[PDB]
Structures are given as C-alpha cells and as structure tokens.
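One structure below.
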Amino acid sequence: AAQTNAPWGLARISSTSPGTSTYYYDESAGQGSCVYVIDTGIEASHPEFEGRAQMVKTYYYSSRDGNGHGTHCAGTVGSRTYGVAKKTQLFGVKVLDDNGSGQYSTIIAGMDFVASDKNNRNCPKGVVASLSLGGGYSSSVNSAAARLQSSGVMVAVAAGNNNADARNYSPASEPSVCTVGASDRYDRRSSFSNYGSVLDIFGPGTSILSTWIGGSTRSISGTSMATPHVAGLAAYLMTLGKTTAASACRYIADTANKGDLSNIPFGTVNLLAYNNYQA
Ligand SMILES: [Ca+2]
C-alpha cells in the first residue's frame, strides 16, 4: 500500500526510480519481527510508535532518550508514518548517553546483551539490530558485532560520515554484518557517506524525516539514517519469509537497485536498498 506523501526515503526503497513520493509495501509490515535500536534510547511514548516500542536496557542513570538520535532511527525502522516496517516490535538499548557518546566497552556490552535478550522476546519472524554508531577501528567492537550476527540477528551498521574508506571504522569494517552507506533523493552518494569494499548496501540518508523526542519530528542526515532503512527492510522481508537473519544482507544486495547511484568510488558497491514490492 501507499503512504501518499511519504518521506522520500520510504518512497525510494519501494521504487525502481528516484523522484516519487508514495511508499508501497506488503501490509504484513514486519509484524512478528523485532528490531533492536542500539543507540541513545527510544521515546516509547511517542504516538508514532503505537505502543510497539519499549526500552529494554540502559547503561546510564536513565533509559530515556534525552538526545533524539535513537528515537529518530527507531522511527525510520518502524514508526507508523516514518517507518519502513510499520508493524515491527522495537526494542531500545541505550548504549549512548544523551550527548550521543558511548565508550566502546558499553557498546560491546549492549551487543552481547541483544544476542542474549532476543531469547526473552517474541520474534517468530526474526530479529534485527540497527547500529547507527561507530568510531575508529577496533577488533573487539568488530568481534562483538560478529557475535551478534552469528547468534541469529541481522546486524545493520552505519558506514560512517567521514567521506572516507570505512575500513578504518568499527563496527563498519566487520565483514559479517551489513554495512550501510547513505544516498540522497537525487541518487547521489551522500556527501559525507563513507565508502569502500566493506560496504554492502546504500540506503536513504540525506534529509530524512522521522520521529524526535518530545513527541515531535525533524529531518536530519547521516549514515545513521540510512542504517535503519536497511534494518526495517530486513525485518519486513523476514516477515514475508523472503530471507533470514543470516541471509538478509546478501538478499538485500541481490535484490537492490543496481548501478543507479552517482559518485560511487571505484571498488564500492553501487547498490540501493529496494523492497521489490509489486503492488
Ligand atoms: Ca560489512
């Protein structure tokens, strides 16, 4: 179904071309799947989440999202208006403080938490984790992301916003997870988007409207915004039975719009996330 006047990124992920504004998707909408948003938290009370979001873990004095970044990302995964998978269950894991910062040790603990926690949740169609965060290369951070993936979770991670090769960042550089670059509404690589061999896919990342704290909305940009498009897409596809956690990144690459993005450096995939939904 449509979304007439959907955010451009939603319309893009269900389209064979840029420049349209209706989002088309199977009504199953990720029902029975779960997506963990590992970030600054999620404002679960936001009407856009319809009771489908909840905080399950924090490493700080509160589970409240005092930043907005996590709420925005969660909105792109699964909010009613701004989300890819409009019926998924959203679980917030607050590894980032209200300034958007987090020690790698806390981020690692959060990933291992999700690998266990999914066994305490009802996700018959599958489990996804969205990591719109990163820093410099760390073998321990990469290994944590690898474990999470190995445990049966589709892990999607931001490539980073350095306009640089993502090989030097973590968890972006972990081969076994799905590393997500950002594009704009004109099918250009977003100017800040990292690139390189370690990228698996691109998603909408420039000027993305979604939920914000205080029951609000706003448009922001980043590989942080592209990542939840891919995470939501995975949840949606898993509900459809088209793929699994272990195979979703490959499946998304297999079925992506190919060769349509501009300013993709030689050696980086030219693949844009696409739901292949035929109304
Ligand atoms: Ca990767």
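Because only heavy atoms are used, hydrogens play no part in the values below, and waters and symmetry mates are left out as well, while side chains stay in. Numbers for residues simply follow the sequence, beginning at 1.
Counting heavy-atom neighbours within 6.0 Å of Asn120 CG, excluding the residue itself, gives a total above 12. Few gaps surround CZ on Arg80; more than 12 heavy atoms of other groups in view lie less than 6.0 Å from it.
Residues that satisfy the salt bridge (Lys or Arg N to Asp or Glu O under 4.0 Å) test with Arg188, not counting sequence neighbours, are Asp184. For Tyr36, the ring pair (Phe, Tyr, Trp, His ring centres under 6.0 Å) test picks out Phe91, with sequence neighbours left out. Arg121 is linked by a salt bridge (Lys or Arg N to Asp or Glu O under 4.0 Å) to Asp117, counting only residues two or more places apart in sequence or in another chain. Contacts of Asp165 classified as salt bridge (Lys or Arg N to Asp or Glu O under 4.0 Å), with partners at least two apart in sequence or in another chain: none.
To the nearest 0.5 Å, atom NZ of residue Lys125 and atom CD of residue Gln31 are 8.0 Å apart. For the atom pair OG (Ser28) and NZ (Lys86), the distance works out to 13.0 Å, reported to the nearest 0.5 Å.
Applying the disulfide bond (SG atoms under 2.5 Å apart) test to every pair with at least one member in residues 205-234, sequence neighbours left out, gives no pairs at all. Sorted by first and then second residue, the pairs that involve residues 192-204 and meet side chain to side chain donor-acceptor pair (under 3.5 Å), not counting sequence neighbours, are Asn162-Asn194.
Shown here for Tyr137 and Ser173, the closest heavy-atom pair between the two residues is CD1-OG, 3.3 Å.
Just one residue in the list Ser143, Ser151, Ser150 forms a side-chain hydrogen bond (donor to acceptor under 3.5 Å, both in side chains) with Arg147, and that residue is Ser143.
The hydrophobic cluster containing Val93 also contains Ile107, counting ILVMFWY residues as joined when their side-chain heavy atoms lie under 4.5 angstrom apart, directly or transitively.
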